[PDB]
file final.txt (compact mmCIF, C-alpha atoms)
# COMPACT_ATOMS: atom_id res chain seq x y z
CA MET A 1 80.68 109.29 99.17
CA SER A 2 82.73 112.39 100.02
CA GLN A 3 79.43 114.31 99.89
CA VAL A 4 78.22 112.51 103.03
CA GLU A 5 78.63 114.80 106.03
CA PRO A 6 80.65 113.44 108.97
CA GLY A 7 78.59 111.80 111.65
CA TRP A 8 76.45 110.28 108.94
CA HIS A 9 79.60 108.80 107.41
CA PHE A 10 79.93 106.91 110.72
CA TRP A 11 76.24 106.11 111.15
CA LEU A 12 76.35 104.94 107.54
CA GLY A 13 78.90 102.29 108.33
CA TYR A 14 77.36 100.97 111.54
CA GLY A 15 79.63 102.80 113.95
CA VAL A 16 77.02 104.54 116.10
CA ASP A 17 73.46 103.43 116.70
CA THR A 18 72.24 107.03 117.07
CA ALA A 19 72.28 109.48 114.21
CA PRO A 20 73.65 113.02 114.62
CA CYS A 21 70.00 114.06 114.28
CA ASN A 22 69.08 112.26 117.53
CA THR A 23 72.38 112.60 119.39
CA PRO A 24 72.23 114.47 122.72
CA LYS A 25 73.39 118.05 122.97
CA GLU A 26 76.30 117.10 125.24
CA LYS A 27 77.88 114.53 122.90
CA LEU A 28 78.11 117.11 120.12
CA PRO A 29 81.46 118.88 119.68
CA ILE A 30 81.75 122.48 120.78
CA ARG A 31 82.92 124.79 117.99
CA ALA A 32 84.15 128.36 118.37
CA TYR A 33 84.46 128.63 114.56
CA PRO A 34 81.86 128.26 111.80
CA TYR A 35 81.47 124.76 110.41
CA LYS A 36 82.29 124.54 106.70
CA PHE A 37 81.71 121.18 105.01
CA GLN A 38 83.70 120.82 101.80
CA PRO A 39 83.78 117.49 99.92
CA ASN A 40 86.71 116.14 97.94
CA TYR A 41 87.65 118.56 95.17
CA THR A 42 90.07 116.36 93.25
CA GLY A 43 89.92 116.69 89.50
CA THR A 44 88.75 120.30 89.87
CA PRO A 45 90.29 123.73 90.40
CA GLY A 46 89.47 123.30 94.08
CA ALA A 47 92.07 120.58 94.50
CA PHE A 48 94.38 121.14 97.44
CA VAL A 49 97.61 122.96 96.63
CA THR A 50 100.29 121.98 99.11
CA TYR A 51 102.91 124.48 100.19
CA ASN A 52 105.52 125.20 102.83
CA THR A 53 104.14 126.99 105.87
CA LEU A 54 107.71 128.08 106.68
CA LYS A 55 110.05 130.58 105.11
CA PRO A 56 113.68 129.86 104.22
CA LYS A 57 115.77 129.01 107.25
CA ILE A 58 118.66 131.24 106.15
CA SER A 59 117.73 134.88 105.62
CA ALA A 60 119.87 136.76 103.13
CA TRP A 61 121.37 140.23 103.42
CA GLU A 62 119.44 143.05 101.82
CA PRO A 63 122.40 144.96 100.33
CA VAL A 64 122.88 148.53 101.51
CA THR A 65 125.89 150.61 100.52
CA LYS A 66 128.12 153.05 102.40
CA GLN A 67 130.48 155.72 101.09
CA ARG A 68 134.16 156.03 102.01
CA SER A 69 134.22 159.30 103.93
CA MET B 1 76.34 62.58 119.45
CA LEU B 2 79.99 63.45 119.89
CA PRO B 3 81.13 66.62 121.70
CA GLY B 4 81.67 68.32 118.32
CA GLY B 5 78.64 67.84 116.12
CA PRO B 6 76.18 67.90 114.46
CA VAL B 7 74.08 70.80 115.78
CA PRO B 8 70.57 71.85 114.62
CA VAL B 9 69.74 74.94 112.56
CA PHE B 10 67.71 76.71 115.25
CA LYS B 11 70.85 76.77 117.44
CA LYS B 12 72.81 78.61 114.71
CA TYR B 13 72.73 82.39 114.64
CA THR B 14 71.88 82.74 110.98
CA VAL B 15 68.83 83.92 109.08
CA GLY B 16 66.78 81.05 107.69
CA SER B 17 63.35 80.30 106.26
CA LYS B 18 59.85 80.41 107.69
CA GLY B 19 56.60 78.67 106.84
CA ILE B 20 56.13 76.52 103.75
CA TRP B 21 59.62 77.48 102.58
CA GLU B 22 61.30 75.84 105.57
CA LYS B 23 59.18 72.74 104.99
CA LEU B 24 60.47 72.78 101.41
CA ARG B 25 64.09 73.55 102.34
CA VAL B 26 64.28 70.61 104.76
CA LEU B 27 62.88 68.47 101.91
CA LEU B 28 65.32 69.65 99.22
CA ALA B 29 68.53 69.95 101.29
CA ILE B 30 71.53 67.65 101.21
CA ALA B 31 71.86 68.51 104.91
CA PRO B 32 68.92 70.32 106.55
CA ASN B 33 71.36 70.99 109.39
CA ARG B 34 73.14 73.46 107.13
CA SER B 35 72.63 77.20 107.42
CA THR B 36 72.45 80.22 105.14
CA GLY B 37 75.27 82.31 106.54
CA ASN B 38 73.48 85.65 106.78
CA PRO B 39 73.86 86.97 110.35
CA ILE B 40 70.74 87.77 112.33
CA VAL B 41 70.61 91.56 112.05
CA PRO B 42 68.88 92.25 115.40
CA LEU B 43 71.63 90.36 117.26
CA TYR B 44 74.89 90.59 115.27
CA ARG B 45 77.10 93.63 115.91
CA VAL B 46 74.20 95.34 117.68
CA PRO B 47 74.70 97.54 119.81
CA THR B 48 77.32 98.99 117.52
CA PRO B 49 80.94 99.27 118.68
CA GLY B 50 80.66 103.05 118.93
CA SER B 51 77.52 102.90 121.09
CA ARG B 52 78.39 100.26 123.66
CA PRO B 53 77.40 100.97 127.29
CA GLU B 54 80.51 99.21 128.62
CA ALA B 55 82.75 102.11 127.57
CA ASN B 56 81.43 104.41 130.30
CA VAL B 57 82.19 101.84 133.04
CA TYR B 58 85.42 100.50 131.53
CA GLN B 59 88.46 101.00 133.73
CA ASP B 60 92.03 99.91 133.23
CA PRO B 61 92.50 96.29 134.35
call {"tool": "encode", "arguments": {"input": "final.txt", "output": "structure tokens"}}
result
Amino acid sequence: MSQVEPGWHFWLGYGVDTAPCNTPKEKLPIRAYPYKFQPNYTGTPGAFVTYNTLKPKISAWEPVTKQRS
Amino acid sequence: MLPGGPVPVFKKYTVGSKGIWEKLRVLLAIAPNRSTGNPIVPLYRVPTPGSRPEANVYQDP
């Protein structure tokens, strides 16, 4: 069921009477980016790998040395 | 009757029989009043909740 594109996932489910085939142009979302449909990739190498979008809060000192002149 | 029953089948919004099969069902039923609880598809939850016209005119009461 993850292979069912959104819009149809709602039409299939009795949410909207009109399919995204027959929807008006104005009800469609405006996208400035290319649409990429990707189903669920669990159990595969394409499973989502979570991570921290941040870096460590405390930055350490990069040691640099000085001579006793 | 009383104010609370019984009520015929044709006043119940459920999908029934037609033709010889209704004439048989009302012959072989303990209560021909009783209904097969399949909702009438043209009328039940149509128009869908995400395609109602009342959303465009709805204002905060």
call {"tool": "closest_atom_pairs", "arguments": {"input": "final.txt", "of": "chain A", "to": "chain B", "cutoff": "6 Å", "atoms": "only C-alpha atoms", "output": "Markdown table"}}
result
| residue | atom | partner | partner_atom | distance |
| --- | --- | --- | --- | --- |
| A:15 | CA | B:50 | CA | 5.1 |
| A:16 | CA | B:50 | CA | 4.8 |
| A:17 | CA | B:48 | CA | 5.9 |
call {"tool": "atom_distance", "arguments": {"input": "final.txt", "atom1": "atom CA of residue A:3", "atom2": "atom CA of residue A:40"}}
result
7.8 Å
call {"tool": "atom_distance", "arguments": {"input": "final.txt", "atom1": "atom CA of residue A:18", "atom2": "atom CA of residue A:36"}}
result
22.7 Å
call {"tool": "atom_distance", "arguments": {"input": "final.txt", "atom1": "atom CA of residue A:13", "atom2": "atom CA of residue B:57"}}
result
24.9 Å
call {"tool": "residues_around", "arguments": {"input": "final.txt", "residues": "residue B:9", "least_positions_apart": "4", "cutoff": "8 Å", "atoms": "only C-alpha atoms", "output": "list in words"}}
result
residues 32, 33, 34 and 35 of chain B
call {"tool": "closest_residue", "arguments": {"input": "final.txt", "among": "B:2, B:15, B:20, B:55", "to": "residue B:37", "atoms": "only C-alpha atoms"}}
result
B:15
call {"tool": "residues_around", "arguments": {"input": "final.txt", "residues": "residue A:21", "least_positions_apart": "2", "cutoff": "10 Å", "atoms": "all atoms listed in the file", "output": "VMD selection string"}}
result
chain A and resid 7 to 8 18 to 19 23 to 24
call {"tool": "build_atoms", "arguments": {"input": "final.txt", "residues": "stretch 5-20 of chain A", "atoms": "N, CA, C and O atoms", "output": "JSON list (two decimals), keeping the file's coordinate frame"}}
result
[["chain", "number", "residue", "atom", "x", "y", "z"],
["A", 5, "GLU", "N", 78.12, 114.03, 104.91],
["A", 5, "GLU", "CA", 78.63, 114.80, 106.03],
["A", 5, "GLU", "C", 79.16, 113.86, 107.11],
["A", 5, "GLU", "O", 78.63, 112.76, 107.30],
["A", 6, "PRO", "N", 80.22, 114.24, 107.83],
["A", 6, "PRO", "CA", 80.65, 113.44, 108.97],
["A", 6, "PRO", "C", 79.57, 113.32, 110.03],
["A", 6, "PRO", "O", 78.69, 114.17, 110.17],
["A", 7, "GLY", "N", 79.66, 112.23, 110.79],
["A", 7, "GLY", "CA", 78.59, 111.80, 111.65],
["A", 7, "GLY", "C", 77.73, 110.79, 110.94],
["A", 7, "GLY", "O", 77.56, 109.66, 111.39],
["A", 8, "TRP", "N", 77.20, 111.20, 109.79],
["A", 8, "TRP", "CA", 76.45, 110.28, 108.94],
["A", 8, "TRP", "C", 77.37, 109.29, 108.26],
["A", 8, "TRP", "O", 76.98, 108.15, 108.00],
["A", 9, "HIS", "N", 78.60, 109.71, 107.96],
["A", 9, "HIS", "CA", 79.60, 108.80, 107.41],
["A", 9, "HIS", "C", 79.93, 107.68, 108.38],
["A", 9, "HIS", "O", 80.38, 106.61, 107.97],
["A", 10, "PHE", "N", 79.75, 107.91, 109.68],
["A", 10, "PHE", "CA", 79.93, 106.91, 110.72],
["A", 10, "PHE", "C", 78.66, 106.12, 110.97],
["A", 10, "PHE", "O", 78.72, 104.89, 111.11],
["A", 11, "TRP", "N", 77.52, 106.80, 111.04],
["A", 11, "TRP", "CA", 76.24, 106.11, 111.15],
["A", 11, "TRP", "C", 76.02, 105.21, 109.95],
["A", 11, "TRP", "O", 75.61, 104.05, 110.09],
["A", 12, "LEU", "N", 76.28, 105.74, 108.76],
["A", 12, "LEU", "CA", 76.35, 104.94, 107.54],
["A", 12, "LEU", "C", 77.68, 104.23, 107.54],
["A", 12, "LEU", "O", 78.70, 104.78, 107.12],
["A", 13, "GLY", "N", 77.68, 103.00, 108.00],
["A", 13, "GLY", "CA", 78.90, 102.29, 108.33],
["A", 13, "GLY", "C", 78.79, 101.53, 109.63],
["A", 13, "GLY", "O", 79.67, 100.75, 109.97],
["A", 14, "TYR", "N", 77.70, 101.76, 110.37],
["A", 14, "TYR", "CA", 77.36, 100.97, 111.54],
["A", 14, "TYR", "C", 78.40, 101.16, 112.64],
["A", 14, "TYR", "O", 78.89, 100.21, 113.24],
["A", 15, "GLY", "N", 78.72, 102.42, 112.90],
["A", 15, "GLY", "CA", 79.63, 102.80, 113.95],
["A", 15, "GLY", "C", 78.90, 103.23, 115.19],
["A", 15, "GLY", "O", 79.25, 102.83, 116.30],
["A", 16, "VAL", "N", 77.86, 104.05, 115.02],
["A", 16, "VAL", "CA", 77.02, 104.54, 116.10],
["A", 16, "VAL", "C", 75.59, 104.16, 115.80],
["A", 16, "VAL", "O", 75.14, 104.22, 114.65],
["A", 17, "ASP", "N", 74.86, 103.76, 116.85],
["A", 17, "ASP", "CA", 73.46, 103.43, 116.70],
["A", 17, "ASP", "C", 72.57, 104.66, 116.57],
["A", 17, "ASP", "O", 71.49, 104.56, 115.99],
["A", 18, "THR", "N", 73.02, 105.80, 117.08],
["A", 18, "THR", "CA", 72.24, 107.03, 117.07],
["A", 18, "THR", "C", 72.79, 107.96, 116.00],
["A", 18, "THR", "O", 74.00, 108.15, 115.88],
["A", 19, "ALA", "N", 71.89, 108.54, 115.22],
["A", 19, "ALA", "CA", 72.28, 109.48, 114.21],
["A", 19, "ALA", "C", 72.69, 110.80, 114.86],
["A", 19, "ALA", "O", 72.38, 111.06, 116.02],
["A", 20, "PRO", "N", 73.41, 111.66, 114.12],
["A", 20, "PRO", "CA", 73.65, 113.02, 114.62],
["A", 20, "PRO", "C", 72.40, 113.89, 114.63],
["A", 20, "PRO", "O", 72.46, 115.02, 115.11]]
